[PDB]
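*Asks:* in their complex positions, the first chains:
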Amino acid sequence: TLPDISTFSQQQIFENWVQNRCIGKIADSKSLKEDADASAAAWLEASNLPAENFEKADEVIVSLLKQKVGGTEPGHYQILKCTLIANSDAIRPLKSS
Amino acid sequence: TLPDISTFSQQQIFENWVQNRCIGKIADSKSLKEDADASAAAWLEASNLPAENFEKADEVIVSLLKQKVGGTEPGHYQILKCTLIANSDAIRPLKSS
């Protein structure tokens, strides 16, 4: 009743790796960080990109997280930010080999 | 920079509302629930769908979260599970009116 990972496109697999890892960086739980990095490693397994790309992507993530995205309310909007980082101009050249 | 919410597709805007909300439901932090919810709100503003859809989709999220997603690590893979839920069969019919 959930879709297999393999039924996503390669671009989507890479985007989801980025989104997941990003969620790992903003989590405070040890529990949630572990869940996040195991989740990301599934996506990595399904991808056809070399490991270097993923390393670079982590760098980009670390940089784009220091961006402030705000709204009409208190909040940090980090979860949104992760979704945006995953689909960012900076991340896009890493979806190719 | 980061891409605007408006540069996504209505489908993607909906999927991301679901994923953001789902992260909210799985967090054990209260500021992460608050973050998730503000984020999800941002996707709801840009969506063209009726509120009622988001209500039904919340129902489907609650249901699908019970589902077990395993792997070679001992964790529950909730982060992965959220992305899967956003792209599930059960959520698709709610992308329209």
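*Replies:* Received, thanks. Numbers count the residues shown, from 1 in each chain, chains lettered A, B, ... in the order given.
*Asks:* got the phi/psi numbers for residue A:80?
*Replies:* Residue A:80 has phi and psi values of phi -50, psi -50 when expressed as degrees, to the nearest 10.
*Asks:* so it versus residue A:42, what's the distance?
*Replies:* 23 Å (CB to CB, to the nearest Å). (Each C-beta comes from the backbone N, C-alpha and C, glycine too.)
*Asks:* could you do residue A:68 as well?
*Replies:* Residue A:68 is 30 Å from residue A:42, by CB to CB.
*Asks:* who's more crowded, these two?
*Replies:* residue A:42 (22 against 8; other CB atoms under 10 Å in any protein chain shown).
*Asks:* give the contact list for that one.
*Replies:* A:5, B:71, B:77, B:80 (CB atoms under 8 Å, 6 or more residues apart in numbering or on different chains).
*Asks:* give me the buried subset of those residues.
*Replies:* Taking 16 or more other CB atoms under 10 Å in any protein chain shown as the criterion, what is buried in the contacts of residue A:42 is A:5, B:77, B:80.
*Asks:* what about the residue with the largest distance to the centre of chain A, distance to residue A:89?
*Replies:* The centre of chain A is farthest from one residue, residue A:72, which by CA atoms, centre = their mean lies 25.1 Å away. Distance of residue A:72 to residue A:89, computed by CB to CB: 25 Å.
*Asks:* residue A:71 too?
*Replies:* For residue A:71 relative to residue A:89 (CB to CB), the value is 22 Å.
*Asks:* with residue A:66 instead?
*Replies:* 16 Å.
*Asks:* when these two are compared, which one has more neighbours?
*Replies:* residue A:89 (10 against 6).
*Asks:* so that one makes contact with residue B:7?
*Replies:* No - look at residue A:89 against residue B:7 with CB atoms under 8 Å: they stay out of range, at 10.6 Å.
*Asks:* for residue A:80, what are its contacts?
*Replies:* A:69, B:20, B:35, B:38, B:39, B:42, B:43 are the contacts of residue A:80 under CB under 8 Å, 6+ apart.
*Asks:* and what of residue A:69?
*Replies:* Contacts of residue A:69 by CB under 8 Å, 6+ apart are A:77, A:80, A:81, A:84, B:2.
*Asks:* JSON lines for those, including secondary structure?
*Replies:* Shown next, in JSON lines, are those (DSSP: H, G, I helix; E, B strand; the rest coil):
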{"residue": "A:77", "secondary structure": "coil"}
{"residue": "A:80", "secondary structure": "helix"}
{"residue": "A:81", "secondary structure": "helix"}
{"residue": "A:84", "secondary structure": "helix"}
{"residue": "B:2", "secondary structure": "coil"}
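*Asks:* chain C should go on the structure too:
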Amino acid sequence: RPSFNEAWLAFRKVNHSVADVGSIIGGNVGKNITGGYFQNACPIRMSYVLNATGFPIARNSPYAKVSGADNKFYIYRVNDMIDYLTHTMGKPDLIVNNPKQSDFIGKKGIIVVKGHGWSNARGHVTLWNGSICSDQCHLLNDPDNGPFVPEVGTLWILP
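*Replies:* Chain C added:
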């Protein structure tokens, strides 16, 4: 157009946190607020003003709406609320780029401030009494904008 004094007093009744505004309006508005689906009360407050001063939002507006316990309709999207003001009152009285308070000195009414920087809202809709706002205005030089930078301000004067 609703009279200003009434608009202003009515606005005071919903000038609280979203949670509160939900408790107050109840119905499906309160259901969605309780659910955490609605987080921005700006368009809901403006809906409340309109409804409580004899200019209630028509059931068949081409804008996304939802009912309260009073069985009146409340728009939950700032984008819709904004378009609604032009759809319903027509041309505005004032339109100013880089909007400052001085641009609206000596005029009362409904103010919309559009700009970039907020991810969940293209702008803010509130009341303006000739020097101060119902809650925050978010004009240029205002200290509580944060990431928000106002690009244009538009005023529909109220009698």
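*Asks:* again for the contacts of residue A:69, since chain C is there now?
*Replies:* A:77, A:80, A:81, A:84, B:2, C:119, C:147 are the contacts of residue A:69 under CB under 8 Å, 6+ apart.
*Asks:* hmm, 7 Å instead?
*Replies:* By CB atoms under 7 Å, 6 or more residues apart in numbering or on different chains, the contact set of residue A:69 is A:77, A:80, A:81, A:84, B:2, C:119.
*Asks:* buried residues in the strand or helix carrying residue C:5?
*Replies:* Per DSSP states H and E: residue C:5 is located in helix C:4-14. By neighbour count, with 16+ other CB under 10 Å as the criterion, the buried positions of helix C:4-14 are C:4, C:7, C:8, C:10, C:11, C:14.
*Asks:* could you point out which element follows that helix?
*Replies:* helix C:18-25.
*Asks:* show me what the helix or strand immediately after that next one in the chain is packed up against.
*Replies:* The first helix or strand that comes after helix C:18-25 along the chain, using DSSP H and E, is helix C:27-35. Using 3 or more CB pairs under 7 Å, 6 or more residues apart in numbering or on different chains; DSSP states H and E, the elements in contact with helix C:27-35 are helix B:51-65, helix C:18-25, strand C:65-67.
*Asks:* CSV for these, including mean neighbour count and distance to chain A?
*Replies:* Output for these, formatted as CSV (neighbours: other CB atoms under 10 Å in any protein chain shown; distance: least, CB to the nearest CB, whole Å):
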stretch, mean neighbour count, distance to chain A
helix B:51-65, 17, 7
helix C:18-25, 18, 9
strand C:65-67, 20, 19
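*Asks:* turn the ones you listed into CSV, columns for distance to residue B:13.
*Replies:* Output for the helices and strands packed on helix C:27-35, formatted as CSV (distance: least, CB to CB, whole Å):
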stretch, distance to residue B:13
helix B:51-65, 11
helix C:18-25, 22
strand C:65-67, 19
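*Asks:* residue contacts, the closest residue to residue A:43 other than its chain neighbours?
*Replies:* Computed as CB to CB, 6 or more residues apart in numbering or on different chains, the closest residue to residue A:43 that is not its neighbour in sequence is residue A:17, at 3.9 Å. Residue A:17 sits next to A:40, A:43, A:44, A:47, A:54 when contact means CB under 7 Å, 6+ apart.
*Asks:* what's the answer for residue A:95, then?
*Replies:* Counted by CB under 7 Å, 6+ apart, residue A:95 has contacts A:11, A:14.
*Asks:* could I get the contacts of residue A:69 as CSV with distance to residue B:25?
*Replies:* Converted to CSV, the contacts of residue A:69 look like this (distance: CB to CB, whole Å):
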residue, distance to residue B:25
A:77, 17
A:80, 16
A:81, 19
A:84, 21
B:2, 25
C:119, 21
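*Asks:* here is chain D, add it in:
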Amino acid sequence: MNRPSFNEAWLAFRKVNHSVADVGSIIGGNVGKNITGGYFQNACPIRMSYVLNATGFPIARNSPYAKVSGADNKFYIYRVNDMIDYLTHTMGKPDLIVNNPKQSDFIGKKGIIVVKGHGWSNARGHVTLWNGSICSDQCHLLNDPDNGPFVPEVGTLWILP
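*Replies:* To build on what is shown above, here is chain D added in:
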């Protein structure tokens, strides 16, 4: 020749039969770096890679599979799917293929066993050594107490001498 010998293989495996963090310390280099950074979590194909690199059947530098290098400047395939494909590309037809595999089906034979199946969202299956009675780690054949949600559908075996 073409395939490593069983006792060698079983020993090299003993050397990497530890936590993935340890595997990273041991191999170091880029393998280590990726393990420390959290990029690789499943060390199964790393270990099988190590076993092949330590028994004189090194993964070629130009092999059409995703690999990174260790301190030893040798090459480690990091994806289970690529590891499994590599076995068939590099050793030829297996000696045994079995649907719904359990231990009894592989009795009296020994070598590299592959178990494919569903339930693991990060792995199409498992690659390990089999000595005719037990595996060098866990077999994940039918009813293995460490399967979890993993249901094994096919087991295949290349005999090692």
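*Asks:* the contacts of residue A:69 again, this time with chain D added?
*Replies:* A:77, A:80, A:81, A:84, B:2, C:119.
*Asks:* closest one of those residues to residue C:91?
*Replies:* Of all the contacts of residue A:69, residue C:119 has the smallest distance to residue C:91: 30.0 Å, by CB to CB.
*Asks:* was I right to think the closest one contacts residue A:68?
*Replies:* No - in terms of CB atoms under 7 Å, residue C:119 does not count as a neighbour of residue A:68; the distance is 10.5 Å.
*Asks:* with adjacent residues omitted, what lies nearest to residue C:36?
*Replies:* Per CB to CB, 6+ apart, closest to residue C:36 is residue B:37, 4.9 Å.
*Asks:* need the three-state assignment for the one you found.
*Replies:* Quick answer, by three-state DSSP: residue B:37 is helix.
*Asks:* nearest residue to the middle of chain C?
*Replies:* Judging by CA atoms, centre = their mean, chain C has its centre closest to residue C:125, at 3.3 Å.
*Asks:* who touches whatever helix or strand that one lives in?
*Replies:* Using DSSP H and E, the element containing residue C:125 is strand C:123-128. The contact list for strand C:123-128, computed with CB under 7 Å, 6+ apart, reads C:7-8, C:11, C:42-43, C:46, C:78, C:81-82, C:104, C:108-115, C:133-135, C:137-138, C:155.
*Asks:* so which of those reach chain A?
*Replies:* residue C:42 (CB under 7 Å from any CB of the partner chain).
*Asks:* sorry, back to before: who touches the helix holding residue C:5?
*Replies:* Contacts of helix C:4-14 (CB under 7 Å, 6+ apart): C:21, C:24, C:45, C:48-49, C:52-53, C:108-109, C:127, C:129, C:134, C:158-159.
*Asks:* would CSV of the contacts of residue A:69 with distance to chain D be doable?
*Replies:* Formatted as CSV, the contacts of residue A:69 follow (distance: CB to the nearest CB, whole Å):
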residue, distance to chain D
A:77, 25
A:80, 23
A:81, 20
A:84, 22
B:2, 24
C:119, 29
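*Asks:* mind picking the two most distant members of those residues?
*Replies:* Taking CB to CB as the measure, the contacts of residue A:69 have their most distant pair in A:77 and B:2, spaced 10.7 Å apart.
*Asks:* quick check: residues of chain A near chain B?
*Replies:* A:1-3, A:16, A:20, A:23, A:28-29, A:32, A:34-36, A:38-39, A:42, A:64, A:67, A:69, A:71, A:73, A:75-80, A:83-84, A:87-88.
*Asks:* in helices, which of those residues fall?
*Replies:* Mapping the residues of chain A next to chain B onto helices (DSSP state H) picks out A:16, A:20, A:23, A:32, A:34-36, A:38-39, A:42, A:64, A:78-80, A:83-84.
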